[PDB]
Structures are given as C-alpha cells and as structure tokens.
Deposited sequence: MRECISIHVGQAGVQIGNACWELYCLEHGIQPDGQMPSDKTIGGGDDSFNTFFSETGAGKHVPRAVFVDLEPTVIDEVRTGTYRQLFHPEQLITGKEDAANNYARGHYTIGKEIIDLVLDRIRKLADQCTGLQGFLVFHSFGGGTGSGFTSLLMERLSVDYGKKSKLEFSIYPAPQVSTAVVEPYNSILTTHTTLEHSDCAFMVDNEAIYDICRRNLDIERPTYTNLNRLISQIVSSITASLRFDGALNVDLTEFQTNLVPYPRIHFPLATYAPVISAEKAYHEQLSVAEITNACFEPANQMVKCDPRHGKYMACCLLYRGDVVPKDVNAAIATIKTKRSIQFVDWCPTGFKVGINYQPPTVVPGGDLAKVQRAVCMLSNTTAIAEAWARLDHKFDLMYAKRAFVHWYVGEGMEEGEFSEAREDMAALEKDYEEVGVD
C-alpha cells in the first residue's frame, strides 16, 4: 500500500486543503463524520478502530483563525485534533518571520505529528504540500518544513501545489519578495511543484462560470478539480502516475526545471450538450485554460501527459491526438520525443453539489513541462527588482534576523533558473 501525506501550510493551503478533502470524500463516498457505507483510497485515508476514515493530512498555520473554521466546520469530525496545528500570531506577510522567528518555535511540533502519520504507513511514498508563495507562513514556514522533511525522509518524494500571487486576487505589496525567497529555499527540496496562478483561476471563474468577482470558495473549488485529476491516479487503481515518483519520471527530465503547467477542460457553469473527447482535447492547448499565464507556443515542451476522466474511449483519444498534430504547431526540445503519455481514469469527474461547476460525463487535465512557464518567473523577478533596487521593505526582513545577502542570493538563483529555461529551449 502506497501512502501519501498531505501538508497544508498557512491560509491558502488550509483553504485549498478544505476544498480537496471535501472533493475526496465526495469522490470516495466518505461522509463528513468519516463513515463510509477498490481500496486505493487508503493511500490518503487511514482507518480507526471505530470504522471511520481519517485523512493522512496535517494542517499548519501560525494563526488560529482559519483552522478554527476547520475545527468547528462541517468536516470537523473527519480530522483528529492532533492533525490541526496553530500558533497564536501569524507571520504578518513576512517570510523571514515565518521562517526564522516563529517557524523555529513550531517546527519540531509539526514534524512530530508528521512522524506519527508516517508511522501508520507500510510504504510511504512521500508528501503533498499546499501553500501560497505570498503569505509569510506559506512562504516562510513551508520552506523551513521542506528543509527538514528532506533531512528526515531523504528518499521520499515531495510534490508542491503553490499559489502564485495576482493583483486581482488580494495580493500584498511584499509578495514578490516572499515568492522569490521561498522559491530559492525550496528548489532543491521539491521534486515536482505545480504552480497555480490566482489570475489564471480568477480569469477562468469569470469567463466560464460568469462570476464577476469570484470568492475564495470559487477559486478553491476549481483548484480542487485540478488537484483531483492529478491525485486520482493515486487514489484510484489507475495506470498513469500510480506513485509519486512517476511524476518526476514523466514530467521532470531536469531537476531544477520541475514546474509543469496544468491545463483542465471543461469548466461548465452549473447555471448553464456533452463535449467530445476531441473538443475537450484541443481545448487543452488554448492558453485560456492554463493554470499559469504564459504562452506555450513561445516555448518548447519537454514532457506532456493527458489525464482523461469519465467516459473516454481510447480510439477517440488517438483520433483527437492525430488531429491536433496537423492542426497545431507545438514544439518539443531536440532531445525529447515528440508525443504524449495518455491516461484514462474511469471514475467520472465529481463536482461539489450545489456548487458552481456542472457535472460532465468526461473531462481532461494536461500536464506539460514547457519552457514557457519561465515568463511567470520573469514577471515576479521584475517586481522584485523594482523594489529591491531601492531596498524597499527590506528592513522588515533584516529585523527578523534575515541577512540582506539572502535577498541577492535568492535573486541570483532565480536568474540561474531563468537561464536554465533559456538554455534547454535554445
């Protein structure tokens, strides 16, 4: 049995965690009290002597507000109180505060709970980590946690799901700083990180769901659909991406270039005819459906996987794949084969009942490692340079014990990554 452990750090990670575990319980028929009227779900859910199923999850925040809504909420009975860890005072959007000041005070406790979940595993694969780039806890504590998890579980995979900041979705002035800082610290410790751009998700909610101003519930439910596609491989007895190690093998030919672009289709408004395998497929190469804003035809591909879901027949898939070859000019790097790994997972896509998504008989999620995602880094790098040339806000970080040198070091790493992407797409 191939157990995975989910870690949800800070506000964004806790609220995306809420949305995923909600969908998981709906997908596997687990009620909010953990009762349940294919046994691959046990990779994500343990079982107690009372017959209840408990997520293999830990929720971490340096502030009690968000997790208190888990403690008192609809799924309050699903988690045991040990799995929910709060401090009293948050990181105030300050990476060095979450990483050096408070993080030093709560890390050993968090590792202790992780150590305990890991002891209920006969074959732990590793960790899924959810966090924002922008918050002080999501950037600062997460990067401290990754450092420690590498020390304590060396041969174990870590996959990140990272919220990339956007001015349209409640961002703060200092989030470029936090983003570059945590990316520096966690690069060598993550094996595969799926970035979620809040602007991309917000755009998708507006255009396809007709919600002029999406809520966090809106964005997180749409995010969970994407996360669900990626983990459905692990939670059901699928054939593509059956273990955490397979993501590196299939999507990350070069270690630092481990940031794949997810694409999902279709997103149909519940308020508002079933789409073929071929229509959801060529809608995988339209930038509007990307989780990160970039132009993949001004880049090159190193890997590409299609995760189908629902009533999808293999001949339809090949029929679609042949059509887009002649219809679309997509470029792979010289040293990679030009083609696709295809997975069908027969479980239908599931939507939260009453939510804003519509139930569909078939859906697809495409995972690609493209050099085009470099321009998301370029955008952050530029906002970092504007503020750092004037040393703006740096004094908050130095006051927590960080050295101004860490800023230029982190920014030099981001430069190296930007030209790593340059070099492989030469």
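Student: Where along the deposited sequence are residues missing from the model?
Tutor: Deposited residues absent from the model fall in 38 to 45, 281 to 283, 438.
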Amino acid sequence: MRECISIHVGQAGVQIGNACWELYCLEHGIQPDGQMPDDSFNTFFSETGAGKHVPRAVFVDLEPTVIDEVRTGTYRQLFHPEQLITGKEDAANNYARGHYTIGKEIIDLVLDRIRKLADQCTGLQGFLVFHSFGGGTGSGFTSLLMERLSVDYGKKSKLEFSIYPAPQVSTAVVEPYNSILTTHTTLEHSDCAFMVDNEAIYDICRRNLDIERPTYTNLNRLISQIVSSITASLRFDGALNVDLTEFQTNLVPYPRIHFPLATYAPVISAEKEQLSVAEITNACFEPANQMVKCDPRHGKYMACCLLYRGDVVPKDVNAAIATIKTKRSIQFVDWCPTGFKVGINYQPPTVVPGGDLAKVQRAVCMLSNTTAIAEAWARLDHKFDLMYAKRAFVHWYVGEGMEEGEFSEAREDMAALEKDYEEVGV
From here on, numbers count along this sequence of modelled residues.
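Student: Would you determine, from the values in the PDB entry, which of 159 to 167 and 273 to 281 has the greater average C-alpha temperature factor?
Tutor: Per the PDB record, 273 to 281.
Student: Could you settle it for me: does 109 to 117 or 311 to 319 have the higher average Cα B factor in the PDB entry?
Tutor: Per the deposited B-factors, the answer is 311 to 319.
Student: Considering only 189, 327, 99, 258, which residue's Cα atom bears the greatest B-factor as recorded?
Tutor: In the PDB entry, the greatest C-alpha B-factor among 189, 327, 99, 258 is found at 327.
Student: Compare the CA B factors listed in the entry for 197, 175, 90, 210 and report the winner.
Tutor: 210 has the highest C-alpha B-factor of those listed.
Student: With respect to C-alpha B-factor, does residue 54 fall in the lowest, middle or highest third of the chain as deposited?
Tutor: Its C-alpha B-factor, which the entry lists for residue 54, ranks in the middle third among residues of this chain.
Student: What third of its chain, lowest, middle or highest, does the C-alpha temperature factor of residue 296 fall into?
Tutor: For residue 296, whose C-alpha B-factor we compare with every modelled residue in the chain, the answer is the highest third.
Student: Lowest, middle or highest third: which one holds residue 131 when the chain's residues are ordered by CA B-factor from the entry?
Tutor: Lowest third - that is where residue 131 ends up once the chain's C-alpha B-factors are sorted.
Student: Going by the CA temperature factor in the PDB record, which third of the chain does residue 399 belong to: lowest, middle or highest?
Tutor: Residue 399: CA B-factor falls in the lowest third of its chain.
Student: Please place residue 390 in the lowest, middle or highest third of its chain by C-alpha B factor as given in the entry.
Tutor: Middle third by C-alpha B-factor.
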